[PDB]
Amino acid sequence: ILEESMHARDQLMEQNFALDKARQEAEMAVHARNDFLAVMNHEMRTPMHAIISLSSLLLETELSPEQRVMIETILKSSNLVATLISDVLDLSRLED
Amino acid sequence: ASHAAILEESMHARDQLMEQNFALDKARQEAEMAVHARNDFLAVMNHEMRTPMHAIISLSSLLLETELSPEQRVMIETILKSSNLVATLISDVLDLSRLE
């Protein structure tokens, strides 16, 4: 009955190989996705920085109360979005 | 070479494999959970960014209907184009970054 044993081994051994391969593949797929995520992060944040800069400058110019209030909203929003893009960068770095 | 020793040798190998199997299977369950949690975070980020981008797009568009100096209009048109570009980039890249 080492036919049970020797066969149980063969059975575990390929079972293990499958599990390990399946895990490594998931890992590499997550890493590839994280790489692109991180590579695109500058192109996401930079326009937001421009919007923050331009909004801030606009607040220095002659605005009506309605324009000013709208532009203050653009600015707080843009700042929020920039923070979140930074949290996205952090995510992409988690498995590092 | 005892009958016991021979068995010991085979059962041992079997037990070493079984232990590794348990470890590999635990690590699989963990990796599935980490993949799902990462997908959820990307979905949530996308959702959280969508509202303020739409605000920026919408307010810059409304602003362009009001009375602006030429310099102000160029700055606000640049805001609108930039915000359109980025809203789409963020959504596309977060989508592509999920693992299904």
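Residues numbered from 1 in each chain as written, not as in the entry; some residues may be left out. Chains lettered and ligands numbered in written order. Heavy atoms only, no water.

For this entry, the PDB record names X-ray crystallography as the structure determination method and reports a resolution of 1.900 Å.

Looking at the PDB entry, one finds chain B named Ethylene response sensor 1 and attributed to Arabidopsis thaliana. In the PDB, the structure is listed with the title "Structure of the ERS1 dimerization and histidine phosphotransfer domain from Arabidopsis thaliana".

The PDB entry lists chain A under the name Ethylene response sensor 1, from Arabidopsis thaliana.

Student: Break down the overall build of chain B for me, with residues and values.
Tutor: Regarding its fold elements, chain B presents two helices and zero strands. Taken against the 2.2 N^0.38 rule, which gives 13 Å for 100 residues, the C-alpha radius of gyration of chain B at 29 Å runs more than 25% over that of a compact globule. Principal-axis analysis of the C-alpha atoms places the extent of chain B at approximately 100 × 15 × 15 Å. Across the 100 residues in chain B, those meeting the buried criterion constitute 37%. Look at the contacts in chain B between residues 6 or more apart in sequence, and 61% of them connect residues 24 or more apart. Element-wise, carbon and sulfur atoms account for 58% of the exposed surface of chain B, whose accessible area totals about 6300 Å². Side chains of chain B carry 8 positive and 16 negative charges; the gap between the two charge centres is 4 Å. (Helix = DSSP H or I, 4+ residues; strand = E, 2+ residues; numbered from the N terminus. Rg over C-alpha atoms; globule rule 2.2 N^0.38 Å. Buried < 20%, exposed > 50% of the residue type's maximum accessible area, 1.4 Å probe, protein only. Contact = heavy atoms within 4.5 Å. Areas by Shrake-Rupley, 256 points an atom, 1.4 Å probe, with all protein chains shown as cover. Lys, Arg positive; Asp, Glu negative; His and termini not counted. Charge placed at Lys NZ, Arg CZ, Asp CG, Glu CD.)

Student: Tell me what's going on with the interface of chain A and chain B, and back it up with residues and numbers.
Tutor: Contacts between the two partners involve 47 residues from chain A and, on the opposite side, 49 residues from chain B. Between chain A and chain B lies a buried interface of about 4000 Å² when both sides are counted; carbon and sulfur atoms form 80% of it. Between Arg33(A) and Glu100(B) there is a salt bridge; the shortest N-O distance is 3.6 Å. Our enumeration of links across chain A and chain B arrives at 10 residue pairs in polar contact. Elements with a minimum of two residues in the side of chain A that touches chain B: α1 (2-39), α2 (41-58) and α3 (65-92) of chain A. The biggest single contributor to the side of chain A that touches chain B is α1(A), with 19 residues. (Buried area = accessible area lost by both parts, 1.4 Å probe. Salt bridge = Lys/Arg side-chain N within 4 Å of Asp/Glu carboxyl O. Polar contact = N/O pair within 3.5 Å; in protein donor to acceptor, adjacent residues only side chain to side chain.)

Student: Go over the pattern of salt bridges with me, naming the residues and quoting the values.
Tutor: Residues and elements named next belong to chain B. Tallied over the entire structure, the rule returns six salt bridges over all chains. As a salt-bridge pair, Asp25 and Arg28 come within 2.8 Å of each other at their nearest N and O atoms. Note that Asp25 and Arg28 are positioned in helix α1 (residues 3-64) at a spacing of three residues, about one turn of the helix. We classify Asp25 as partly exposed; its relative accessible area is 24%. Note that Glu32 and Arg28 form a salt bridge whose closest N and O atoms lie 2.8 Å from each other. One end of the pair is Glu32 and the other is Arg28, both in helix α1 and four residues apart, which spans about a single turn.

Student: Explain the nonpolar core to me, using residue names and the numbers behind them.
Tutor: Counting 35 residues, the largest nonpolar core has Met48(A), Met49(B), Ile90(B) and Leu94(B) as the members making the most contacts within it. Counting residues per element, the ones that place at least two in this core are α2 and α3 of chain A together with α1 and α2 (70-96) of chain B. Apart from the residues lying within four places of it in its own chain, the contact partners of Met49(B) are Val81(A), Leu84(A), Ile85(A), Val88(A), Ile90(B) and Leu94(B). (Core = buried A, V, L, I, M, F, W, Y, C linked by side-chain atoms within 4.5 Å.)

Student: So what's going on with the packing of α3(A) against α1(B)? Which residues, and what values?
Tutor: With their axes 9 Å apart at the nearest point, α3(A) and α1(B) run at an angle of 160° to one another. Overall, the two elements α3(A) and α1(B) adopt an arrangement that is roughly antiparallel. Handedness of the α3(A)/α1(B) crossing: left-handed. (Axes fitted to C-alpha atoms, helices over the stretch in contact; angles between N-to-C directions. Parallel < 35°, antiparallel > 145°, perpendicular 65-115°, else oblique. Left-handed = near helix turned anticlockwise from the far one by under 90°.)

Student: Report on the side chain of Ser82(B), specifying residues and quantitative values.
Tutor: Along the polypeptide, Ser82(B) turns up in helix α2. Residue class for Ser82(B) comes out buried when judged on its relative accessible area of 15%.

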